[PDB]
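Before any questions on how it binds or moves, here is one chain, the form deposited in one PDB entry, in structure tokens.
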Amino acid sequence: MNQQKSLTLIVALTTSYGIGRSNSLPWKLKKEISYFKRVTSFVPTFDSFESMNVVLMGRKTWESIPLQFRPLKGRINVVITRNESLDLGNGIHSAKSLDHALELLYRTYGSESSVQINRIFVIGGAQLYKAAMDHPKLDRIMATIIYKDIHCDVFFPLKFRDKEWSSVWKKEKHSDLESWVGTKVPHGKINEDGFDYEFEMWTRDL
């Protein structure tokens, strides 16, 4: 009991794979955040009685989210950290690795329990993404591609959209994205505050 679910990674990144600048996001993208929330939150209606999605995040990502938005509402939050928090203890799930998080969620949210887990998301940390790209249950990347070389100091660790990884990672038809995300989603370039981005969904075979 531990191999059940695929992991999905969700990320926004520039075409040079930049994702972060001063333990923050190098952009301010109200719509993009709104997609993140909607993807990360969606549970099919029949399952929305009992089921919640899970968001897994590195410790530096936890801190870098404005305090008023923590925990991410309507999703089971787990922060990955070797400490043995200390979190500020406080009823926010904690684990020292991606697999220790999964084990905790299965123990905590089992057949028995009131709440049921629907999908599991890795929402970041470059360090946590690195561990997720190595994990053999990671089969899906919901990527927002930012068409600008915004200066970054933290990078996505694997060039999954580049030719050297193109036999492993495959970009899906937009209708397959909408279908996976349960909603109609903007297709093509979107422009908030000065640059174009778009929503992509990438997969690999387990």
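We call the rigid core whatever largest set of C-alpha positions still superposes within 1.5 Å between the two forms. For every residue, the number given is its place in the sequence shown, counted from 1.
The same protein also has a form deposited in another entry, omitted here; what follows describes it.
- Just one of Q127, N77, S85, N118 moves its Cα by 2 Å or more between this form and the one not shown on a rigid core overlay, and this residue is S85.
- The Cα shift for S175 between this form and the one not shown, taken after rigid core superposition, is smaller than 2 angstroms.
- When two forms of a protein are overlaid on their rigid core, residues whose CA moves 2 Å or more are considered shifted, and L25 is one of them between this form and the one not shown.
- Relative to the superposed core, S48 undergoes a Cα shift of 2 Å or more between this form and the one not shown.
- The distance between the CA atoms of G110 and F49 is at least 3 Å shorter in that other deposited form than in the form shown here.
- The Cα-Cα distance between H151 and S22 is shortened by 3 Å or more in that other deposited form relative to the form shown here.
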